[PDB]
Structure formats: C-alpha cells, structure tokens
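Okay, so we've got the same protein chain twice, two forms, each given alone as structure tokens, structure 1 and structure 2.
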Structure 1
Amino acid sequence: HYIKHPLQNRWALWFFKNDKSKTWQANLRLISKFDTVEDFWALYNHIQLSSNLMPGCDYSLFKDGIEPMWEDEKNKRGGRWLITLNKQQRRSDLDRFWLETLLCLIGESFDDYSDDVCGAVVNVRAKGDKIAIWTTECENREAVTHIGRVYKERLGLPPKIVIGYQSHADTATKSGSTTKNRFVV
C-alpha cells in the first residue's frame, strides 16, 4: 500500500527556447504540472539536466496559475534574486544549484514568506548561466531580504559572493546584467 505525498502547492514546469526573431512570449511552452513529492521526482529524474540544455533555453518552475513572465499579475510588481554562474560552474554546480532551488520552492523553505515566491528560472547561456527566484512584490523589503538570505545560505554561496535582487519593472527597461539592484545579500 502506497499513498502519494502532497505538496503545499501545485507547480508547473515551463520550457523556453531562445529566438530573438520571434516575440518573447512565443518561445514559451508549458510542459507539465505536479502536486506531489512522487510526481516531482518522476519529472526531475526523467528530464534533461539544466547543464545539458542547449544555449538559449530556460526552464521555469512556477506556482500553478502564474506564467513565468513579467506580464503576469503576480510578477509585474515583483522581481528576482539573481545568481550568475561563471562558465566553469556549468559543470558540477549548475545542476546542484538548480535542484536545491527546486527543493526551496516545492518544500516551502521560506516559511511564511514562501507565499511571496512565484517561481524560479534557470537560463542556460554561453555567457554565464543564471538561476533566479521570482517573488511577487519588489517593495516588500522584509519578505524579499528574508527569502534572499535563506536562499543564499541554502546554496552555500561564500559570504563574499554577493547576490542581487532586481525589480522586473527596472529589468523590463534595461537588462538583467546592467540592471541595478534594489537589494543585495
């Protein structure tokens, strides 16, 4: 006799394939949804590792009903904690960071503040991979800095590796690299 173990939230995994020829939203696809521990692992164990995705592709894991784009009602006032990897971190760090990030999401690791969490995004880029946790209100300093502190610790980043929180509104009018930060931790 085997019962499934429900998650606190239902989650959706999305795939993105870069193509600057096409409008951004056109490049996004919903893959599938899950709401149990068992189904999370069945999906994770089945699918390609972030380290193996083609340059230009993304995975996003977002709460059911939130599309992984700035436009969504739950993101437009929000922002993201951004982890930028160097080229050598592609191997034997990207996959660890991504799984630890997924587990922060589906395990509701930020306690009461996990409610402010929208999802997480991994960008596979030749320039330097990126992982981010998206939250719903960029002006909620308490929530945002709590999530950032816990997240940085969970990933075991050295203290002197400083990570930044960008508002999506700023990002949409510049670039995630040249975007100035609202917060650091």
Structure 2
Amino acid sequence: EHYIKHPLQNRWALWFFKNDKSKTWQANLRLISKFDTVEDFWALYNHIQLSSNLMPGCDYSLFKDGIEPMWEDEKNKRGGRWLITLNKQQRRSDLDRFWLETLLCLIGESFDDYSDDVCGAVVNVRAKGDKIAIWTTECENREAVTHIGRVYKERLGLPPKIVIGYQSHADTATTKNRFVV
C-alpha cells in the first residue's frame, strides 16, 4: 500500500493508426504499449499527443489485451459501438475531454457488471469531423449495450438534447441505429 501499484481489472493495450494508402488497413494499425495499473496508464497518457493534436486520418484505440481493435476479432464481430460524432468546434472544446473520460470509463470498469461487455474504445481524428466510440462485444445484449450507453452519456455530461447511437459492426462493415440514448 505504501509501495504497491494500483492494479486494474484488465490489462489494456493502446494502438495507433496512421493512414498509408500503400498498405492494408490492418498493417497501419500498430501497438504502442500495454499497462495493467493506474500508474502505468498515466505514465503512458502523459507522454503521448492529445487527440486534438494528431494529424487528420489518425486513430487511438484502447482495447483489452487479447482483443484486436478491428471488427474481424472474435470478440468484436458480433458487437457494435456507441458513437459520438463531433463537429469541428468540438475538437477545441470537447475531443480531449471526452476521450480521457472514455479511457477512465474503461480502465475504472465504470459500467458495473456490464464492463465485461466492453471491448475497447476508439478516437478517429478526421478533417470532416472527429469521432469517439466504445465497442461492446454483442449487439444483441440489449441490457448490457443500453446500460453502457446510459452511463457513458452521463459520464460525458451530454445534455438530453444530444442523442447518440449504437450501430452493430455487421451493419457498419456492410448506417442504422440499433439503439439510441
């Protein structure tokens, strides 16, 4: 307790995507590193660029170790994501705030029993408008998905006026909302 690091429920892996049109989507997706304590998380977060500062076309992904941040993964292919669409004014006011809140929801296991349904989260930095999402394992788990959505929206501080949607990765890889909150 005087000397022991604070362990997390899960080990997490941070990934970085930079578009290179000469490579497959997968090959542009690279591991930064992994951590399984609070201290190790802050050691990583504190040395890397804020999302608002990345080049357009870059992503961060934070996924539970053993889950690859792509829809092909066993634990992603039946799932989907809660999506936050930002405009260009929100890159300034909201992007980095929202992303850090998202990471804290993951590492802290903020969704009670349904934190097990969380796979990971991704921030897309794009000229057109940034996106943040939380991916869950099974689009058919209505209680899990719906509980995660509610608590996420609460944690982000989004007003009742703003409505966010959840889309199955099947639909996206083929977009309609299975749920909104």
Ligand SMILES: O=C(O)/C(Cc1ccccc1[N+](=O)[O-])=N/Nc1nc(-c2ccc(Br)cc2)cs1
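All residue numbers here refer to structure 1's sequence, counted from 1. What we label the rigid core is the largest C-alpha set whose atoms superpose within 1.5 Å from one form to the other.
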query	finding
Pair member that is the form solved without the named molecule	2
Shift in Å of the C-alpha at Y165 between the two structures after core superposition	0.2
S21 CA shift between the two structures in angstrom, with the core used for superposition	4.2
Distance the CA of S92 travels between the two structures [rigid core superposed, Å]	2.6
